[PDB]
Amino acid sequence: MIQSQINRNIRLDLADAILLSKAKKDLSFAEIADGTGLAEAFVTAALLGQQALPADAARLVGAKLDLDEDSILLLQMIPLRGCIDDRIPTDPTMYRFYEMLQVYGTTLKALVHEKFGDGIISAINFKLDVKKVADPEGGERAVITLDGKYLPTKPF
């Protein structure tokens, strides 16, 4: 039977415990996800409180991080999502994604409406991934791909 949380602090506290175990073992997110059959972004988001693992994955990652049974159970609960402490991020890495919305949010709305129509690009029928690509001018770039279904607003 599905089980769900109503207070994010329980899963976020567990995420802090998971990160200390991870660092003591000198593990990467890529190696924790490897073998689960699940994408690294999904498994990472679950460890950080924002997705629920299926039971087999929760046991797999639980063994790798030496978690106890209550923590393996908690990773399978549907979370009360929301990773930002107080609405706007303070951390510079996270903030730049907020700034992208402050600069391009109205452009994203306008172009979605022109290409698709009235309605939204979903954050639920949705996936994202992060890739590193060489910059031809030197250094490295991240290409982050947001891929969401269009859901139309029609008249009723």
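In this text, rigid core is short for the largest set of C-alphas that superpose within 1.5 Å between two forms. Residue positions are given as counts along the sequence shown, with the first one as 1.
Colleague: Using RMS Cα distance over all structures and residues, flag whichever of 1-9 and 146-154 lies farther from this form in 5 other deposited structures of this protein after a core fit.
Modeller: If we average over structures and residues in 5 other deposited structures of this protein, the farther stretch is 1-9.
Colleague: Quick check on the record: does 133-141 or 13-21 carry the larger mean Cα temperature factor?
Modeller: So the stretch with the higher mean C-alpha B-factor is 133-141.
Colleague: Taking the mean of the C-alpha B-factors per stretch from the entry, tell me the winner out of 122-130 and 43-51.
Modeller: Per the PDB entry, the higher value belongs to 122-130.
Colleague: Reading the B-factor column of the entry, which of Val112, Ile88, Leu60, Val103 has the highest value at its C-alpha atom?
Modeller: The C-alpha B-factor peaks, among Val112, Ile88, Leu60, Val103, at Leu60.
Colleague: For the chain shown, is the CA B-factor of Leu67 in the lowest, middle or highest third of its modelled residues?
Modeller: Answer is highest: the recorded C-alpha B-factor places it there.
Colleague: How does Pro92 rank on Cα B-factor within its chain, lowest, middle or highest third?
Modeller: Its C-alpha B-factor belongs to the lowest third of this chain's values.
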